[PDB]
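First comes one chain, alone, set out as structure tokens in the form deposited in one PDB entry.
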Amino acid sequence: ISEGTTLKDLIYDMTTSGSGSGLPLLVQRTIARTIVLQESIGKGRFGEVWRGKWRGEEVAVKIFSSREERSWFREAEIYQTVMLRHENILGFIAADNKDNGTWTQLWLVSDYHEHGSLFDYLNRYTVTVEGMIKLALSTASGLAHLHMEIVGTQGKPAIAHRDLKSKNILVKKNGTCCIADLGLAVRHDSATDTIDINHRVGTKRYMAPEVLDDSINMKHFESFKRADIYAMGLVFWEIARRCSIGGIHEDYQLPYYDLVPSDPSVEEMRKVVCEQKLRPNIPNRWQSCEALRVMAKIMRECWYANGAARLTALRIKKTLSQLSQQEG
């Protein structure tokens, strides 16, 4: 990296230099070791997330606990599986490791987003009929691109998030989104039928029925995709539940807030979800706007106690991409 070089220069050189490959490790190494950390900006599942600048340009750094190294590798590994890059998927910049033994430091660097997580966004905000769609349409677009299975040269294998939720989604300045945190992600090769990975992972609350009650067929890939959809549905709930059509809107709430306690359990969920077959209360008066209803329609077609019945990211993308046309 010679003088004058900017992150902007590095990103461009990559996203236009043959293979969808990232920057050379050597370069990633340099970037990481020269990032100037600003301050911590979040914790969670595995590792604390910091805000940092490289030669001035903001950037996001996810510093891992030496103990959660597996999550570290899975992300780095998965993002470096051909052209995973995508407008609706968090942009990988570099991955690095320093020190050794008990004090090994593992870092992942990504793009920075002032607006932060969809979760922190929906909390301190009230979206419009407009945005409510950009947010969902994009989340959909992304999940669609992840589950997609571009076969061929630099095509991408099928990918299942396994931990999709509001905290793992970020929003940009123009109101779009992008999935994040592939720590649990799972690849699936079609030319050999496989899946590099393995218990009951992911955030309890957003867990789908087939997983909560343990019966999910981990041998069939689609099964995972199905679980993603169910979650994305809970996410859509969170979004619209915060839309504001004429001053009217409900306080931000996590799925199953009024049912299960704060920070649920695998047992406390198997109850409210599997058995009692309960889903986020779709506001009655939610049948005002045509689009606002299209959502609930989908939300219902995602929460089916049967994975096989639920829609698909692609489909959801289409009907949403459509609503984008007519509405607004």
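Here the rigid core means the biggest group of C-alpha atoms that line up within 1.5 Å when the two forms are laid on top of each other. Don't overthink the numbering: it's just position in the shown sequence, from 1.
Omitted here: the form deposited in another entry. The next part is about that form.
- When the two forms are overlaid on the rigid core, CA displacement between the shown form and the other one of 2 Å or more is confined, within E301, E57, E68, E268, to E68.
- When two forms of a protein are overlaid on their rigid core, residues whose CA moves 2 Å or more are considered shifted, and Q253 is not one of them between the shown form and the other one.
- Core-superposed comparison between the shown form and the other one: the Cα of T104 travels 2 Å or more.
- By 3 Å or more, the C-alpha separation between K98 and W54 shrinks in that other deposited form relative to the form shown here.
- Shown here is a form in which the CA atoms of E77 and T102 lie at least 3 Å closer together than they do in that other deposited form.
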